[PDB]
Amino acid sequence: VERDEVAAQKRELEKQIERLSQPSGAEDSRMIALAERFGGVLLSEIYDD
Amino acid sequence: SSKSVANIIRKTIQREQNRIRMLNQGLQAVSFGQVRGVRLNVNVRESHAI
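Criteria and cut-off values
- Residues numbered from 1 in each chain as written, not as in the entry; some residues may be left out.
- Chains lettered and ligands numbered in written order.
- Part of a larger assembly, values for the part shown.
- Heavy atoms only, no water.
- Helix = DSSP H or I, 4+ residues; strand = E, 2+ residues; numbered from the N terminus.
- Buried < 20%, exposed > 50% of the residue type's maximum accessible area, 1.4 Å probe, protein only.
- Polar contact = N/O pair within 3.5 Å; in protein donor to acceptor, adjacent residues only side chain to side chain.
- Contact = heavy atoms within 4.5 Å.
- Salt bridge = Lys/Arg side-chain N within 4 Å of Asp/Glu carboxyl O.

- Chain B goes by Chromosome partition protein MukB in the PDB entry, where it is assigned to Photorhabdus thracensis.

- Under the PDB entry, chain A has the name Chromosome partition protein MukB and belongs to Photorhabdus thracensis.

**Things to note about the environment of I50(B)**
All names here are of chain B.
Alright, step 1. With respect to the secondary-structure elements, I50 resides in the segment after α2 (46-49).
Alright, step 2. You can call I50 exposed: its relative accessible area is 88%.
Alright, step 3. Sequence separation of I50 and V35 is 15 residues, and the distance between their C-alpha atoms is 36 Å.

**Examining unusual backbone geometry**
Alright, step 1. That bond from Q22(A) to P23(A) is cis: its omega, -10 degrees, falls within 30 degrees of zero.
Alright, step 2. Mapped onto the elements, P23(A) comes out in the loop between α1 (2-19) and α2 (28-36).

**Section: the side chain of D28(A)**
Residues and elements named next belong to chain A.
Alright, step 1. Counting through the fold element by element, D28 comes out in helix α2.
Alright, step 2. In terms of polar contacts, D28 uses its side chain to reach the side chain of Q22, at 2.5 Å.
Alright, step 3. Those residues in contact with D28, other than ones at most four positions away along the chain, are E18, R19, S21, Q22 and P23.

**Focus on the environment of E45(A)**
Residues and elements named next belong to chain A.
Alright, step 1. Residue position: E45 is located in helix α3 (residues 43-46).
Alright, step 2. For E45, a relative accessible area of 28% corresponds to the partly exposed category.
Alright, step 3. Separated by 22 residues in sequence, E45 and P23 place their C-alpha atoms 8.6 Å apart.

**Re the environment of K10(A)**
All names here are of chain A.
Alright, step 1. Of note, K10 is situated in helix α1.
Alright, step 2. For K10, a relative accessible area of 47% translates into the label partly exposed.
Alright, step 3. Between the C-alpha atoms of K10 and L20, which are 10 residues apart in sequence, the distance is 16 Å.

**A look at the pattern of salt bridges**
Residues and elements named next belong to chain A.
Alright, step 1. Applying the stated criterion to the full structure yields 4 salt bridges over all chains.
Alright, step 2. A salt bridge links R19 to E18; its shortest N-O distance comes to 2.3 Å.
Alright, step 3. Residue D28 is joined to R19 by a salt bridge in which the shortest nitrogen-to-oxygen separation is 2.3 Å.
Alright, step 4. Given a relative accessible area of 2%, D28 falls into the buried group.
Alright, step 5. Three or more residues are tied together by salt bridges with common partners; here these are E18, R19 and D28.

Written out as structure tokens, the structure reads:
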């Protein structure tokens, strides 16, 4: 039980880490295709710096 | 990291193509002998695109 609880916490941590990964950490699940399919740029990336 | 490398290569290629296309506009309609225009053709090699 302790192992499974720790594993759930772990999985949440890696999911959170991944969500910030690429191309610039955002809702990249579909934001990617939604972004390159149209000649636009992510606002968060625009304000990246 | 590999995905990021690929994306940055693609972005740089697009930017350079845009810049070269912009520069190309100034050489339109240059009359030299039978020559009437000059272009810098930029392309992505298939052997590297794949």
